[PDB]
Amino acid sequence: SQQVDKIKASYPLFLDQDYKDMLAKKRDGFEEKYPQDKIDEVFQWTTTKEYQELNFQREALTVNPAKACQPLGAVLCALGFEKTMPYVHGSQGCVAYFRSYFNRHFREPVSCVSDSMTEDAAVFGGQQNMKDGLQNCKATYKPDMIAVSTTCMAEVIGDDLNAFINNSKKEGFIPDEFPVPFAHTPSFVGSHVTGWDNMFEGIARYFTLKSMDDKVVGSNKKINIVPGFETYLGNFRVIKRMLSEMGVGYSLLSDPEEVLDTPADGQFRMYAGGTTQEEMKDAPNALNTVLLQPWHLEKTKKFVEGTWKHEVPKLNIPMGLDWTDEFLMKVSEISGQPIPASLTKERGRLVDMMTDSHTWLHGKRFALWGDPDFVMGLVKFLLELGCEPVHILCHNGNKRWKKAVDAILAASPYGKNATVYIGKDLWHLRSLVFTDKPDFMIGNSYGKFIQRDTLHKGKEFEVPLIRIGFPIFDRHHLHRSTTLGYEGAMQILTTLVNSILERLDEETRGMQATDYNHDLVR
């Protein structure tokens, strides 16, 4: 039943007595359900160290991964170029998922096409799909560039992208000079971030490899910036803002900020902004190239060093205080521009906020996950704040990255109770937050299920989630935030300290029980 003046959606409709009775009768009549005491017994067992030991012996099963597949990252990379359609050669189901995944995080349209390989192409290859697909996409959607990646079907059967695109031009399906950069992007290698690196290096090679003879390092007076897989609009914006405040000439290579934030003004814009083809063609003339996320830009780095002859600096992601400082000093050195008064003051405003909030942050214990560069920057800033990053999980991490994070943890006393995990998933992390409980988790929306599980053991065992990373689907407009630079560090700090104070308020809200500590001022 419903009362028209106060209509109930699923919650709380199904708590009405009639629904509750109906759902009990379903269970008892037909579901053959395990008894509640057995459910409770098994739940308890899943919180123990014994279960954790079995969980960490897995070799074949993954549960609740914290990574996605390569072509997702290739699509994100492609979206950052002017009037560019991402095109994924292979099976169309994939593109439905890539589009929906990004639609839910950004709350924006995401344009991408498939060439719809089916069982017929599985065995004779997808050449005809390429030919008709390229022609159809060009005519219908009018891109100025089509950036091609692959689904796993196309990888397994061995379709030769280069050959297929070359034949499409030879036979007239798309013009000879129409840009069709490509990259092989197998989902069974690496993760989404590897797809971004593969796509970017393919676009870079397309525009520069055959034209190197007239290039002269430093002749355009700019610094190239390669952002990597980046899903916070404020990260593209802060980098551009800081360079501009310094008077540094720059080219952001892969810039999706406009196309991921078009206005609602009565028209749909399939394309907006982006890195121009002229900027990619001219990029070897830069002073140097800076990689913002070097732990997933290794293929790109080899091309930029080997072909463009740029001496890529060894810089960590510009997250937290020390690594933002190092970024700015290196940019100053390469460009000859001094760090301006504005940025020096912004740095000191961050330091002031650290002094203001250090008493609540000190000693707080965190579990965290995400992509390698993001995770190491988060760990670095937590140590700077006097926090303990106890459980550090990077599903898509590697051995060399783990050694580097373990070295950061050694340079601080706040690293002493921390462990770094690679190859491990969110079912692994769930055990860690039961057996070695931290104060909070810092992660993406999939962490909500871990908070749910911890609460079920009891309120005193609940580990609240702080949403930083990708994807964030259950809050709105967090994709507009910043994590890089002093601005990002201010936003992160504010979020962490206010999470702590929110939880303390909840725990002290009980009248004549805990409200002696329900202070007005904190």
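Don't overthink the numbering: it's just position in the shown sequence, from 1.
- Set 402-410 against 419-427 and average the Cα temperature factors; 402-410 ends up higher.
- The stretch 166-174 shows the higher mean C-alpha B-factor when 83-91 is compared against 166-174 in the entry.
- In this entry, the residue among 75, 287, 137, 110 with the greatest C-alpha B factor is 287.
- Note on the listed residues 124, 98, 374, 229: the highest Cα temperature factor in the record is that of 124.
- In the deposited entry, the Cα temperature factor of residue 337 sits in the top third of values across the chain's modelled residues.
- Residue 391: CA B factor in the middle third of modelled residues in this chain (values from the PDB entry).
- For residue 331, the recorded CA temperature factor ranks within the highest third of the chain's modelled residues.
- When all modelled residues of the chain are sorted by CA temperature factor, residue 50 is found within the highest third.
- In the PDB entry, residue 486 places in the lowest third of its chain by CA B-factor.
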